[PDB]
Amino acid sequence: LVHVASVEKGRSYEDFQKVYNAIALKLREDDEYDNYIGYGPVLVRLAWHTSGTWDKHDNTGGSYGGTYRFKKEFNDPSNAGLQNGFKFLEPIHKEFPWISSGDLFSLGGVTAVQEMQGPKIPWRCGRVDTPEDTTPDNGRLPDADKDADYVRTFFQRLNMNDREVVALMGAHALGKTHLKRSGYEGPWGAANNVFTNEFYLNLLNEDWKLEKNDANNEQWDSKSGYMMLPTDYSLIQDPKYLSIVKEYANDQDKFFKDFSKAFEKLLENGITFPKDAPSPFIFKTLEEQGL
Ligand code: HEM
C-alpha cells in the first residue's frame, strides 16, 4: 500500500495558515483545560499517536488516513484522553471541512508546538482519509513500564534511530501524566505548556526516587513534584541515550532543530510526496502575524 499525498483541491499555503490560525486562536482562548495547562500538550500527543501506529514493514497505520476518527482507534486504551484533542479540533474541522482528518490531526500538533514557543515544524499537506477497515488495531503504541532496550526496539518500527528517539521524547516536557488515563500521575517539569528542553535538564538534575503511585505502578518522582516514566528514565540508564540527553540538556537550539526534523518525519512516515508536490509549509505563529 502506497499512500500518495493529494493536495486538497485548489488549496495552498494561505488556506492552511488559516487553519493553523484557527487552531492557534482556540488554543489561546480555551485556556482552562487541564488545570490551565491548555490543549497544547494533548494536541501534540494526538498528532503523535495518530502517526505512531505506523509500521514501516507494511505501511499500515500512520498519519495518512486519519483513522483515529473510527471507534477502534479512538477507543484504544493507549489513546485514553486524546478525545479531548479531538473535541477541540471538531469546530476547526467544521469551519474548514475541506481539510483531511490526517492533515488536521498532524497540523494540530505542529500548531501546538509552535504556539508553545517551540521550533518551527515544516508541514506538508495531502493526507487523504481512508476507510474504517484501514484503521490499525490497538497495541501499536508504546508501553511506559519498560526499559531502554524496549524503547529502542519499539522505535525501529517507526524507522527512528537513537537521536530521533531521544529528541522526540523531549515532548514529555509538555503536559502531564494522568492517573486515570494511563496509570501514571504527575508533570515532568515546571514549564509544561511552553516547549523547552526542560525534560533533559530534569532527567539529569533532579534527585529521582523510584516510587509506586496510587495505581500501584512504579514511576520516578522528585521532591519538586515532577515525575518520569520508566521509559523516560531509561534514557539515562542506557549509555547511548545518556550522551544524547546530555547534548540536548546543553544545547537548546540543537534540541529544537533535531526535534523539528524528527517530528516532521514522524508525521510524514508512510506518505509518498510526488516530485511536484508543494514544498513543506512553515506557518507563521500568531505572534509573528501580530494576531
Ligand atoms: C517510549 C515512548 C513513549 C511512551 C511510553 C509515552 C508514554 C506517555 C504516557 C504514559 C503519557 C501520559 C498519558 C496520560 O496519562 O495523560 C504520555 C503523555 C504525553 N506524551 Fe508520551 N510517551 C512516549 C513518547 C512520546 C512522544 C514520541 C511524544 C511526542 C513527540 C509524546 C508526547 C506526549 C505528550 C505531549 C504527553 C502529555 C499529554 C497530556 O498532557 O495530555 N510522547 N506519554
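Residues numbered from 1 in each chain as written, not as in the entry; some residues may be left out. Heavy atoms only, no water.

Student: Where do I start with the overall build of the chain in this structure?
Tutor: Scanning the chain from N- to C-terminus turns up 14 helices and 7 strands. Here the C-alpha radius of gyration of the chain, 18 Å, is about what a compact globule of 291 residues would show, namely 19 Å. Along the three orthogonal principal directions, the C-alpha set of the chain runs to about 55 × 45 × 35 Å. Counting all 291 residues of the chain, 55% fall into the buried class. By sequence separation, contacts in the chain at least 24 residues apart represent 74% of the contacts at least 6 residues apart. With an accessible surface of roughly 13,000 Å², the chain has 49% of that area assigned to carbon and sulfur atoms. Between the averaged position of the 34 positive side-chain charges in the chain and that of its 45 negative side-chain charges there is a distance of 3 Å. (Helix = DSSP H or I, 4+ residues; strand = E, 2+ residues; numbered from the N terminus. Rg over C-alpha atoms; globule rule 2.2 N^0.38 Å. Buried < 20%, exposed > 50% of the residue type's maximum accessible area, 1.4 Å probe, protein only. Contact = heavy atoms within 4.5 Å. Areas by Shrake-Rupley, 256 points an atom, 1.4 Å probe, with all protein chains shown as cover. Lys, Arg positive; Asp, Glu negative; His and termini not counted. Charge placed at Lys NZ, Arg CZ, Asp CG, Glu CD.)

Student: Whenever I open this one, the site of the ligand confuses me. Can you help?
Tutor: Taken together, 22 residues lie around the ligand, and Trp48, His172, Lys176, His178 and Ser182 are the ones closest in. One of the backbone N or O atoms of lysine 176 is found 3.0 Å from an oxygen atom in the ligand. Contributing elements (two or more residues each) for the shell around the ligand: α3 (40-51), α8 (162-169), β2 (176-177) and α9 (179-182). In terms of residues, the shell around the ligand owes the most to one element, α3, which gives 4 residues. Two domains each donate at least three residues to the shell around the ligand, and these are domain 1 (1-141 + 263-291) and domain 2 (142-262). (Near = heavy atom within 4 Å. Polar contact = N/O pair within 3.5 Å; in protein donor to acceptor, adjacent residues only side chain to side chain. Domains from an automatic or database assignment.)

Student: Before we go on, may I ask you to explain unusual backbone geometry in this structure?
Tutor: Trans is the prevailing form of peptide bonds, just as negative phi is the prevailing case for residues other than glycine. Phi at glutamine 117 is positive, roughly 75°, even though this residue is not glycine. Residue position: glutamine 117 is located in the loop between α6 (101-115) and α7 (148-156). Although it is not a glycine, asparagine 159 sits at a positive phi angle of roughly 55°. Within the secondary structure, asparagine 159 is located in the loop between α7 and α8.

Student: Got a minute to help me understand the pairing of strand β4 (residues 209-212) in this structure?
Tutor: Along any regular strand, the residues point their side chains to alternate faces of the sheet. Note that β4 and strand β5 (residues 218-221) share 4 bridges and pair antiparallel. Within β5, the residue paired with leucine 210 across the bridge is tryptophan 220. (Pairing = 2+ DSSP bridges.)

Student: Any chance you could explain the UniProt feature "binding site: heme b" in the chain here in plain terms?
Tutor: The UniProt record marks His172 with the feature "binding site: heme b", using the residue numbering of this structure. With respect to the element layout, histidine 172 can be found in the loop between α8 and β2. With relative accessibility at 21%, the residue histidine 172 sits in the partly exposed group. Dropping the residues within four chain positions of it, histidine 172 is found in contact with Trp188, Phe199, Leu229 and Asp232. (UniProt positions renumbered as here; feature names shortened; annotations may be inferred.)

Student: Quick question: what am I supposed to make of the side chain of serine 106 here?
Tutor: Tracing the backbone shows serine 106 in helix α6. Aside from chain neighbours lying at most four places away, what touches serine 106 is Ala47, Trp123, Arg127 and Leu267.

Student: Help me understand the packing of helix α1 (residues 13-29) against α6, please; the structure alone is not making it clear to me.
Tutor: What describes two packed helices is the angle between their axes and the distance between those same axes. Between α1 and α6, the shortest axis-to-axis distance is 9 Å and the interhelical angle comes to 60°. Considering their axes alone, α1 and α6 lie oblique with respect to each other. Between α1 and α6 lies a crossing whose hand is right-handed. Contacts from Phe16, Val19, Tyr20, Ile23, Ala24 and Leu27 of α1 reach α6 at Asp103, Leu104, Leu107, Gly108, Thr111, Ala112, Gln114 and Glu115. Residue composition of the contact of α1 with α6, grouped by class: 9 nonpolar, 3 polar and 2 charged. (Axes fitted to C-alpha atoms, helices over the stretch in contact; angles between N-to-C directions. Parallel < 35°, antiparallel > 145°, perpendicular 65-115°, else oblique. Left-handed = near helix turned anticlockwise from the far one by under 90°. Nonpolar A, V, L, I, M, F, W, Y, C, P; charged D, E, K, R; others polar.)

Student: Would you mind showing me how to read the domain arrangement of the chain here?
Tutor: Many structure descriptions define interface size as the accessible area lost when the parts assemble. With domains assigned, the chain is organised as domain 1 (1-141 + 263-291) and domain 2 (142-262). Centre-to-centre, using C-alpha coordinates, domain 1 lies 22 Å away from domain 2. Residue-level contacts link 33 residues of domain 1 with 26 residues of domain 2. Between domain 1 and domain 2, the buried area comes to about 2,400 Å², and carbon and sulfur atoms account for 59% of it. Counting the surface domain 1 buries against domain 2, the share from its top three residues, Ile37, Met116 and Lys265, is 22%. Applying the counting rule to domain 1 against domain 2 returns 1 salt bridge. (Buried area = accessible area lost by both parts, 1.4 Å probe. Salt bridge = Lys/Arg side-chain N within 4 Å of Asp/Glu carboxyl O.)

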